[PDB]
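*Asks:* Quick one, fold the following:
(chains A, B, C, D, E, F, G, H, I and J, ligands or ions: 1)
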Amino acid sequence: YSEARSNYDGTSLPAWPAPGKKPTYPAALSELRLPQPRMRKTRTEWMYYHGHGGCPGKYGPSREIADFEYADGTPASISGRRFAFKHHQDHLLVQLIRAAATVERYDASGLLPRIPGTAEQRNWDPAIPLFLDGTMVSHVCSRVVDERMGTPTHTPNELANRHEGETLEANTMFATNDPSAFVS
Amino acid sequence: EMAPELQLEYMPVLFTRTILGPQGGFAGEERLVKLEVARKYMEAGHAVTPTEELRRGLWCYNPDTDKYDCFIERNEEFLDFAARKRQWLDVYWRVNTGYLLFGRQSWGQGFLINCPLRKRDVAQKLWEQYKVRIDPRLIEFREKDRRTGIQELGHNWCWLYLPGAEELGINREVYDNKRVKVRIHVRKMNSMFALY
Amino acid sequence: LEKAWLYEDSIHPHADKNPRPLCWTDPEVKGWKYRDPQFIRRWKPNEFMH
Amino acid sequence: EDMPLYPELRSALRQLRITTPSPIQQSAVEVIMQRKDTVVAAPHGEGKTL
Amino acid sequence: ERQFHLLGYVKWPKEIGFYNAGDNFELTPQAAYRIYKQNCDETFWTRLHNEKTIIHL
Amino acid sequence: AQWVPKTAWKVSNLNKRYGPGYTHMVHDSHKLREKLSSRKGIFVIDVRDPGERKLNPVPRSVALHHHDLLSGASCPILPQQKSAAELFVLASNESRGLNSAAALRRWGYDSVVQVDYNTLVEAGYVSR
Amino acid sequence: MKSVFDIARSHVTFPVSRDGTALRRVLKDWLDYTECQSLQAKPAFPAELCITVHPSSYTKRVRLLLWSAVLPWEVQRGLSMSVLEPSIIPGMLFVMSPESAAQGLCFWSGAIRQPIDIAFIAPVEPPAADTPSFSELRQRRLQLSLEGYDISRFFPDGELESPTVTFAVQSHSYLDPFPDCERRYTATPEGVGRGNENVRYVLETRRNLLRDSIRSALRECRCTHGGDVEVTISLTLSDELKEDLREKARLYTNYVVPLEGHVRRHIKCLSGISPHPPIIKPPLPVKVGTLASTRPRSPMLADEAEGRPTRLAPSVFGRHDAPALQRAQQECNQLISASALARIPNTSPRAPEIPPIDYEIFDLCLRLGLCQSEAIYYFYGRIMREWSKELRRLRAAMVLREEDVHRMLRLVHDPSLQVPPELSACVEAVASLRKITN
Amino acid sequence: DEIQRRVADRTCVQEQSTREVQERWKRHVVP
Amino acid sequence: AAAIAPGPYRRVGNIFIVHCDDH
Amino acid sequence: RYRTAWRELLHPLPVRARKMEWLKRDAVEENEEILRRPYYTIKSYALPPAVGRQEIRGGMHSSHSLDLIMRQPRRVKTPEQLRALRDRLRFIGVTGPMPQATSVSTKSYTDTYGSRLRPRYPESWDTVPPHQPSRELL
Ligand SMILES: Nc1ncnc2c1ncn2[C@@H]1O[C@H](COP(=O)(O)OP(=O)(O)OP(=O)(O)O)[C@@H](O)[C@H]1O
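*Replies:* Numbering: from 1, shown residues only, chains lettered A, B, ... in the order given. Provided below are the atomic coordinates:
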C-alpha cells in the first residue's frame, strides 16, 4: 500500500485543531535575528522547515521511505547507495556523540575557560566585557597560519612602537556597561 | 611584584610634567619606566628620582609662567584626579594622532564601498587598534555621512565627542575640548580580513 | 503578428467574432506604504473587571 | 639626543666632533640597539663605521 | 486615482454626492438637507448656506 | 505621579571627575539579620578564593566565580525574577564585590547588596 | 487663589542673572507652592466625561473638576501628599511631552492617600479629517502660529483649536497606595495606545469611577441583552480649562526654560565651571579670508573645509644642524617634532578649585524636577564621596554639617521621591552613627 | 476653520463684531 | 521563585553545527 | 548636497546585490553573536533546561517539539535517582568480563554462539544490518 512518515517512529503533532478553534500557523518570515528587514520564507526555507534539507529528495520521507514493495507485502532489497546513506546518517550521529563527549571530558578535566571566546576574539570584538583578575612541517604551517591570522591590524608605531616592545593599555574612560549600545 | 629580571630593565620615576604615551604619566606619578625612556625623561627634566620628601611633595611644571614653580602635595584625591585627567588626555592623543584603517570589499575598481561603515564598526576598530572602549553614541559622522556612512573609499574622518572635559579642566591644552577628529582610511582588501 | 487587429477608433468589422473584453491588471499596485489611522477605542462592559 | 646614549658616548661624540647623525646613522643606530641582525649598507664616506 | 487621492478628495456614496456628466461634484438634495440639519447652529453657517440648502431642495 | 526611571540616576557615573571607578560597605547587623530572617531562602552568592571560602565556610550560600557571573553561565541558577529578587554578594575584596555587582546589574539585577564575612557572622546568617 | 501665574507675577522682580540668592528664593517659593500649598487651595477647572453606549445610542456625562499639571514640579508630584476629597468629582490632568510619550509612559503610586483610577487618553480626529491634507494644513498653521508656547512639546496637533478632535480614553489602569502612606503600584498603557505618540494626556480620579459611571449609564443594557453592547469613553474640556492649559504651556515655554538655563549656570558655577629674524616660526592664527579666498576652487570641495584648524603650522626657515635646532627650540619655546608636541601637553597639574557641595540646591532640584539630570551628574559623586569618607571616619572613631545631614535625611525619607538604595543606605548609616534623627 | 484663520490675518476690522455673535449663538443653542 | 535555584549544580557545555555557505 | 548627489552616481553594485551583501553582513554578525557566548552554563537538576535562555514571534518554528521538551521539567530530579538509574545501565560490546549477579543459568549470546557468528538479520530497505562483522574490529 502507501506509506507516509515524517518521523522515524511515525508519530507527529496533531495535524488538525479541535473543531471550531483557531489553528496554529508557522512563522512566515525568515528566521533573521534583526527585526528588519522582514522577508517571507522562500521555498527552500519552507523545505528546511518541513524537514527536507534544502532540495527535495534529501533527508526527507521522499528518500527514507521505500520506493516500492511487492503486492504480497514483501519489501525490497538493500541497495549499495541505501547502505551508504545509512552509513552517512550513522556518521552524523557519531560526529554529534563524539563532539558531545569531547565537551564533557573537557569540562571534567577543567579545560573549558570561564571567559567566552578566544584572545583574538576578545582583542577584536569590543562587545565582549573585560575580564580582569614524525614530521614538523605541519606544525610550522599551523604556527605560520596563526601568526598570519592572529592580529589582522597592528597598533600604529606612532602610538606604541612594537619593535621596542611598547604596547598600549585599554582606555575604558568612555566605555558603557549596557550592551544596548552595540545591540541597537 | 614584578619579577626581578624584568624590574632590572625599569627604574622608579616621579613625573614632574604630564607626558602622554605608553611610557609616560601624569605630573606627580611614581611609575616604573624603562631605562632608556627614564634617561630621556631625566635629561629633559620631565622626571626625577623618587626620594621620600619628593614622594611627599614635588614641584611640577607650571605652564602659565613656563617654570617648575608649581608645588604639589601628592594626595589620594590628587592622584585620582590626575590619573583621570591623564586618561582623558591619553585617549584624546590616541584618537587624534594616527589613522584608523578599515579593510573592506568593493566590487571592481569602483569609488564606493559595498557595505557602508557605521558607528559600531568605527568603535570596533578603535578598540581593536587603539585599545579604546567607547560607546558608538559618541561618534558623529559628517554631514555627507549622516545619511549612509563612510561608504566613500579613501581618506575619511568623523567626530568623536568627549563629554567630561570641563570637570577636569582640559580646555586650554586641547585644540577642541568637546570633540576629536578621527582620521579614517578605507582600503579595498579582498584578502582574508575582508569579511564583507 | 497577423493575429493582431489594430483600429485607431472603436469601429471594427469583427462583430461576428464576438470579441470578449480583455481585462488585465497592471502589476504596479504598490502604495509604497500605508499607515493605519487612529480610531476611538470601543470598550466592553465586562472588560472593566467583570 | 632623540636616541638613548650613555653620557660616556655623548663625550666620545664631542671628542670626535660629531653633532648631527648621517642618514645611515639616523637609521641603523636604532636597529642595532634593538639587538637585531643588521645589514648597514651605505656609500663610501657617510659614517658607516660609527 | 493617484491624482484624486493626492488632491485629497473622497469617494462619497451616491446618496451623498457624485460627479455628474460635466464632472462637477453635484450634492444630493437629501444630503444637503441632512448637512443643514446637522450644521444649523455652527459658527460657519450663514444666510448663504441656508440659501444654498433651499437651492438644493 | 510620573515615575522617574532608574536609568535617569545613571548619569552620575558619567562624571569624569567624580565617577564611581576609573559601594555597600556599611550595614546594620540587626537590620541585615532581620531582613535575612524574613526572607528565609538562598539569596547569598560568595565570590572569593576557594581557600578563603574553605577557611571561612558559609552554608546556604552559592559559590560562584565572578567571571562566570559576568559571562552569564549562571543565569538559569539566578532567580529568573529580576524585579523582586535581592542578592547579597559576599566578597573579601571590595573590588571583587563591585565587579560582581556590575555583572549582576548588566545581567539585570539592580537589587544587589555587598556584604562582608564579619557582617554576616555578627548578623548570624552563617552558623558560627 | 494662589496660582503659578501669581507666583510668576511675584518673581517678575527677582534678579536671577546677577544673584544666586534670588534664584534660591525662586526655587524656595516654587517648592513652597508645590509642597506647602494644598491641592484644594490650588485652582481647578471643570470638564465632562462622555460615555456613548452602542447597542450594535445613549450618552451619559459626568461633571469633573480637574487640576491641570503642566509644569515639571506638578507633573512629578501628582497626587502626592494630597487628597481628592477633603455632583462634581475631583481629578488631575497630566499633559506629557511627545518625547516621553514615544517612550513607555509609566505612572506610580507615589505617596498617594487614596486608591486612584487613571485613564490614558489621546486626541483623535475623525477619519475624514485625518487625511494627510488636513494634517499638512494643521502643520502649516502651527508653523505660522503666533502663540506663546512651543508647538513642538505642547499640543503638536492643535487639539485645543480643532473643532472635530475628541479626547478619547484609549486605556485605563489603577494605582493602589503604599501600605505605609494611605495591589498594583505601577501603571502603563496597554492594548490600543501602546507606545503611541498621540497618548499624551493622563486623567487621575476616584477609583472605579469609569466602572461606576458605565454601570449607571447601562440601564437598557439588561433588556437588550435578555432580548453585546459597546462603550466609548471620551473627555471634553471646558473653555476655561483649555485656556488654563494654554496659559500653563506658555508659562512653561517662556519662564521655565530660562529658569532651567539659570539653574544650569548656577550648578556649573557651584561645580567650578565658568564661561570664558628667528629661524623658527611658531603657529599663527589664519588670516581673514576674502570672498574668492574663502570660495573653494570647485563646488565639490565645499565640504573639504568642514574641519580645519584656525592656526597655521610651525616652520623652520633654513637648513641647520641638530644643536642649532635644539638651541632654537629652547630659545623660541616651540618644539619642531609633531610627535613631541603631541606627547608633551601644556596643562596645569593642579586640580581646579571647586566650592563645597550645595545640598540646598541639590535638594531643590531633586524636589522640583528642574535640571535634575544636571544636579545628579554634578553632585551625586561628590555627595557619595563626602558621606563615604565621613562614615569611614565615624567607624574609625566634622566637615559634614548637621543641617546638611538633616536635609539629606529628609530627602531620603521623602516618600514622594525615589533615591538610589546605595545613597539611602549610606545616609541612614551616617545618621545612625552620628546620632541624628529627623 | 482654516479659511477663517487665514482670512483673519489680513481682515479689515480687528474687532469681534460678527464672530463673537456667532460664538454666542453657538454657545446658546448647541449645548 | 525570587530565590536562587537550590540543590546540586551541573555544568552543561555546547556543540556547534557548522555549515559552509560559500566556496 | 553636491557631494551626495555625485556619490549617488557612484555604485559598484545594484540594489539587489547591495541587499544580498547586507544580508551577508547580518549573517556574519549573527556568527559573532553566537561565538560571544560562554563555554558552559551552570544548571540545576530540577529546573527545566530552558530556564536561563537569553532569548518574528507568535508563529510556530521547526524546533517546536524540541522547545517543548526543553520547557517540560526534568525527569531526573536528584543525583540519587541519577545513580540508581545509571548503575543498572549495561554495556554489551564492552571489552572485559561481566558479572553474573542475578542469574547463573542465563548465558550470554556470545557465550552461546561464539564471537564470529551473528543472527541472520532480515535484510530489506527498512532493515539495514551491520554487514561484515569482521570489518568492525579496528
Ligand atoms: N655624523 C657625522 N658627522 C660628521 N662626520 C662624520 C659623521 N659620522 C662619520 N663622520 C666622518 O666620516 C668619516 C668616514 O666614516 P666611515 O669610515 O664610517 O666611512 P665608510 O662609509 O666606512 O667609508 P668606507 O666604506 O670607504 O670605509 C670619518 O672619518 C668620520 O670622521
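*Asks:* Next, the buried residues of the helix or strand containing residue G:373.
*Replies:* Secondary structure from DSSP states H and E places residue G:373 in helix G:372-396. Buried positions in helix G:372-396, judged by neighbour count with 16 or more other C-beta atoms under 10 Å in any protein chain shown: G:372, G:374-384, G:386-388, G:390-391, G:394. Heads up, the C-betas are built off the backbone N, CA and C, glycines and all.
*Asks:* can you check stretch G:26-39 too?
*Replies:* Applying 16+ other C-beta under 10 Å to stretch G:26-39 flags G:26-27, G:30, G:33-35, G:39 as buried.
*Asks:* for the residues you listed, which one is nearest chain H?
*Replies:* Closest approach between the buried residues of stretch G:26-39 and chain H, by C-beta to the nearest C-beta: residue G:39, at 29.0 Å.
*Asks:* Okay, the closest one and residue G:11: tell me how far apart.
*Replies:* 22 Å (C-beta to C-beta, to the nearest Å).
*Asks:* Also near chain I: which of the buried residues of stretch G:26-39, exactly?
*Replies:* With the criterion set as C-beta under 8 Å from any C-beta of the partner chain, no member of those is near chain I.
*Asks:* now, which of these lie within strands?
*Replies:* Judged by DSSP state E, the buried residues of stretch G:26-39 include no members of strands.
*Asks:* ok, and the closest non-adjacent residue to the residue of chain E found nearest chain G?
*Replies:* Residue nearest to chain G within chain E (C-beta to the nearest C-beta): residue E:8, separated by 3.6 Å. Nearest non-adjacent residue to residue E:8, counting by C-beta to C-beta, 6 or more residues apart in numbering or on different chains: residue G:133, 3.6 Å away.
*Asks:* To what extent is that neighbour buried, counted in neighbours?
*Replies:* The tally of other residues near residue G:133 (other C-beta atoms under 10 Å in any protein chain shown) stands at 14.
*Asks:* Just to be sure, residue B:61 is in a strand?
*Replies:* Yes - per DSSP: H, G, I helix; E, B strand; the rest coil, residue B:61 lies within a strand segment.
*Asks:* can you pull the contacts of residue C:24?
*Replies:* Shown in contact with residue C:24 (C-beta atoms under 8 Å, 6 or more residues apart in numbering or on different chains): no residues.
*Asks:* Can you classify it by secondary structure?
*Replies:* Residue C:24 ends up coil, using three-state DSSP.
*Asks:* can you check residue G:174 too?
*Replies:* Applying three-state DSSP: residue G:174 is strand.
*Asks:* Same check on residue J:80?
*Replies:* Secondary structure, three-state DSSP: residue J:80 is helix.
*Asks:* burial measure for it, as a count.
*Replies:* Other residues near residue J:80 come to 9 when the count uses other C-beta under 10 Å.
*Asks:* I'd like to know how far it sits from residue J:90.
*Replies:* Using C-beta to C-beta, residue J:80 is found at 20 Å from residue J:90.
*Asks:* Please report phi then psi for residue G:166.
*Replies:* When read as degrees, to the nearest 10, the backbone of residue G:166 gives phi -140, psi 140.
*Asks:* Which residue comes closest to it once chain neighbours are left out?
*Replies:* residue G:234 (5.2 Å).
*Asks:* Enumerate every residue touching that neighbour.
*Replies:* C:40, G:49-52, G:166-169.
*Asks:* One more pass at 6 Å, please.
*Replies:* G:50, G:166, G:168 (C-beta atoms under 6 Å, 6 or more residues apart in numbering or on different chains).
*Asks:* now do residue G:328
*Replies:* For residue G:328, the contact set (C-beta under 6 Å, 6+ apart) comprises G:279-280.
*Asks:* for residue A:100, same thing?
*Replies:* residue I:15.
*Asks:* Recalculate using a threshold of 10 Å.
*Replies:* I:13-15 (C-beta atoms under 10 Å, 6 or more residues apart in numbering or on different chains).
*Asks:* give me the element the residue of chain H found nearest the ligand is part of.
*Replies:* Closest residue of chain H to the ligand, C-beta to the nearest ligand atom: residue H:9 (85.0 Å). Using DSSP H and E, residue H:9 falls within no helix or strand.
*Asks:* follow-up on the earlier one: elements contacting the helix or strand that comes right after the helix holding residue G:373?
*Replies:* With elements assigned by DSSP H and E, the helix or strand that comes after helix G:372-396 is helix G:402-413. When contacts are defined as 3 or more C-beta pairs under 10 Å, 6 or more residues apart in numbering or on different chains; DSSP states H and E, helix G:402-413 sits against helix G:359-368, helix G:372-396, helix G:421-434.
*Asks:* tell me the secondary structure for the spatially most central residue of chain J?
*Replies:* Chain J has residue J:66 as the residue nearest its centroid, 10.7 Å off, counting by C-alpha atoms, centre = their mean. At residue J:66 the chain is in helix, as set by three-state DSSP.
*Asks:* Show the contacting residues for it.
*Replies:* Residues in contact with residue J:66 (C-beta under 10 Å, 6+ apart) are residue J:50.
*Asks:* Repeat that for the one 4 residues further on.
*Replies:* Taking C-beta under 10 Å, 6+ apart, we find residue J:70 in contact with J:48-51, J:53, J:63.
*Asks:* Confirm it sits in a helix?
*Replies:* Yes - Residue J:70 sits within a helix when classified using three-state DSSP.
*Asks:* By proximity to chain C, which residue of chain I wins?
*Replies:* Going by C-beta to the nearest C-beta, chain C is nearest to residue I:1 of chain I, at 25.7 Å.
*Asks:* pretty sure that residue contacts residue F:82?
*Replies:* No - between residue I:1 and residue F:82 there is no contact under C-beta atoms under 10 Å: 11.5 Å.
*Asks:* Going by how many neighbours each has, rank the two and give me the top one.
*Replies:* Taking neighbours as other C-beta under 10 Å, residue I:1 and residue F:82 compare with residue F:82 leading, 15 against 7.
*Asks:* Can you name the residue of chain E nearest to chain J?
*Replies:* For chain E, C-beta to the nearest C-beta, closest residue to chain J: residue E:2, 23.5 Å.
*Asks:* Please apply the same query to chain D.
*Replies:* residue D:34 (37.0 Å).
*Asks:* show me the residues around that residue that make contact.
*Replies:* So residue D:34 contacts A:161, A:163-165 (C-beta under 10 Å, 6+ apart).
*Asks:* still on that earlier bit, export the helices and strands packed on helix G:402-413 as a markdown table, with columns for distance to residue B:116.
*Replies:* As requested, the helices and strands packed on helix G:402-413 are exported to a markdown table (distance: least, C-beta to C-beta, whole Å):
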| stretch | distance to residue B:116 |
| --- | --- |
| helix G:359-368 | 42 |
| helix G:372-396 | 33 |
| helix G:421-434 | 43 |
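*Asks:* which stretch among these comes nearest residue J:13?
*Replies:* Nearest to residue J:13 among the helices and strands packed on helix G:402-413 is helix G:372-396 (44.7 Å), distances taken as C-beta to C-beta.
*Asks:* Relative to the whole chain's centre, how far out is that closest one?
*Replies:* Relative to the centre of its chain, helix G:372-396 is centred 24 Å away, using C-alpha atoms, centre = their mean, to the nearest Å.
*Asks:* Next: stretch G:158-165.
*Replies:* Here stretch G:158-165 is found 26 Å from its chain centre; the criterion is C-alpha atoms, centre = their mean.
*Asks:* Enumerate the positions of stretch G:417-434 that are buried.
*Replies:* Neighbour-count burial for stretch G:417-434, counted by 16+ other C-beta under 10 Å, picks out G:417-420, G:422-431, G:433.
*Asks:* Which one of those residues is nearest to chain H?
*Replies:* Using C-beta to the nearest C-beta, the buried residues of stretch G:417-434 come closest to chain H at residue G:417, 42.8 Å.
*Asks:* ok, that closest one - contacts?
*Replies:* Taking C-beta under 10 Å, 6+ apart as the criterion, residue G:417 is in contact with F:1, F:4, G:76-77, G:80, G:110-111, G:363, G:366-367, G:369, G:411.
*Asks:* Break down chain A into its strands, ranges please.
*Replies:* For chain A, the strands defined by DSSP E cover A:171-174.
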